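# Coordinate analysis (summary)
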Amino acid sequence: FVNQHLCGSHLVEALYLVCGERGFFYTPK
Amino acid sequence: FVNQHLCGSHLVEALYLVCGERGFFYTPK
Amino acid sequence: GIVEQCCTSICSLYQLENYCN
Amino acid sequence: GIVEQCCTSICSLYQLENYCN
């Protein structure tokens, strides 16, 4: 699921799944 | 959509929609 | 943190915006 | 940033993990 173009909610979803309990930051701009 | 219990991907989705181009951080633990 | 405020209790716009950059 | 690496180009696990806490 990670080796593709991922934009918007699709990207945030990948961060959520990969990072798990580490959490993450999403900074598009 | 924000005035409810929001967990996991549901919470991340709300952050994404509310914060927009500001981005956000998700730190569950 | 956010889980306590929004997942195990009812979330609010006010609290969500605390986690925007 | 992440959009340039993962949205307008192909993402990777390696890059995603750069944005985990």
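Heads up: these notes are all about the structure in this document. (Residues numbered from 1 in each chain as written, not as in the entry; some residues may be left out. Chains lettered and ligands numbered in written order. Heavy atoms only, no water. Residues with missing side-chain atoms left out of burial classes, pairs and counts.)

## Things to note about the interface of chain D and chain A
How we decide: Two residues form a contact once any of their heavy atoms are found within 4.5 Å. A helix here means a DSSP run of H or I that spans at least four residues, while a strand means a run of E at least two residues long, and both kinds are numbered starting from the N terminus. In this count, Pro and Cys sit with the nonpolar residues alongside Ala, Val, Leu, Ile, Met, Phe, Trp and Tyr, while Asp, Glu, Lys and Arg are called charged and the others, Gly among them, polar.
If you look at the interface, chain D gives 16 residues, while chain A gives 18 residues. Here the side of chain D that touches chain A takes 4 residues from helix α1 (residues 2-7) of chain D, the largest share from any one element. Residue composition of the side of chain D that touches chain A, by class: 10 nonpolar, 5 polar and 1 charged.

## A closer look at the state of the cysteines
A covalent bond bridging the sulfur atoms of two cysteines is what the word disulfide describes. Quick reminder of the rule: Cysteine sulfur atoms that come within 2.5 Å of each other are treated as a disulfide pair.
If you walk through the whole model with that rule in mind, you get 6 disulfides over all chains. With a sulfur-sulfur separation of 2.1 Å, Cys7(A) is cross-linked through a disulfide to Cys7(D). Taking the sign of the S-S torsion, about 95° here, the bridge from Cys7(A) to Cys7(D) comes out right-handed. Taken together, the residues span two chains, with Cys7(A) in the segment before α1 (9-19) and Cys7(D) in helix α1. The disulfide that involves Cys6(C) links it to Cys11(C), with 2.1 Å between the sulfurs.

## Examining the pattern of salt bridges
Here is the rule: Any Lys or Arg side-chain nitrogen found within 4 Å of a carboxyl oxygen on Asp or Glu counts as a salt bridge. Throughout, exposure labels follow a simple rule: accessible area from a 1.4 Å probe, protein chains only, divided by the maximum for the residue type, with under 20% read as buried, over 50% as exposed, and the rest as partly exposed.
In this structure the tally under the stated criterion is 2 salt bridges over all chains. A salt bridge links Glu17(D) to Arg22(A); the shortest N-O distance between them is 3.0 Å. One end of the pair, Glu17(D), is in helix α2 (residues 13-17); the other, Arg22(A), is in the loop between α1 and β1 (24-26), on a second chain. Exposure remark for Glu17(D): the relative accessible area of 37% places this residue in the partly exposed category.

## A few points about the interface of chain C and chain B
Taken together, the contact pairs 16 residues of chain C with 18 residues of chain B. Going through the elements one at a time, α1 (2-7) and α2 (13-17) of chain C are the ones with two or more residues in the side of chain C that touches chain B. Per-element tally for the side of chain C that touches chain B: the top contributor is α1(C), with 4 residues.

## Let's talk about the packing of aromatic side chains
Two aromatic rings, taken as a pair, are described by how far apart their centres are and by the angle between their planes. The criterion, for reference: A pair of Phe, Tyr and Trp rings is counted when the ring centres sit within 6.5 Å of each other, with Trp represented by its six-membered ring. The angle between the planes then sorts it: under 30 degrees is stacked, over 60 is edge-to-face, the rest tilted.
For the structure shown, the criterion picks out 7 aromatic pairs over all chains. With 5.8 Å between their ring centres and 50° between their planes, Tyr26(A) and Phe24(B) make a pair best called tilted. Residue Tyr26(A) is found in strand β1, and its partner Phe24(B) is found in strand β1 (residues 24-26); the two belong to separate chains. Among the residues examined, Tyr26(A) registers a relative accessible area of 5% and is labelled buried. Exposure remark for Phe24(B): the relative accessible area of 1% places this residue in the buried category. Taken together, the ring pairs connect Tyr16(A), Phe24(A), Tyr26(A), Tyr16(B), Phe24(B) and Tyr26(B) into an aromatic cluster.

## Here we look at the environment of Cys7(C)
Using a relative accessible area of 17% as the deciding quantity, one classes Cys7(C) as buried. The contacts of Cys7(C), once residues within four sequence positions are left out, are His5(B), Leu6(B), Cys7(B) and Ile2(C).

## Focus on the nonpolar core
Rules: Residues belong to one nonpolar core when they are buried, are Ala, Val, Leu, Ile, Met, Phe, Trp, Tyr or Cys, and are joined through side-chain atoms within 4.5 Å.
One finds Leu16(C) and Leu16(D) to be the most contacted residues of the largest nonpolar core, which totals 36 residues. Listed by contribution, the elements that provide at least two residues to this core are α1 and β1 of chain A, α1 (9-19) and β1 of chain B, α1 of chain C together with α1 of chain D.

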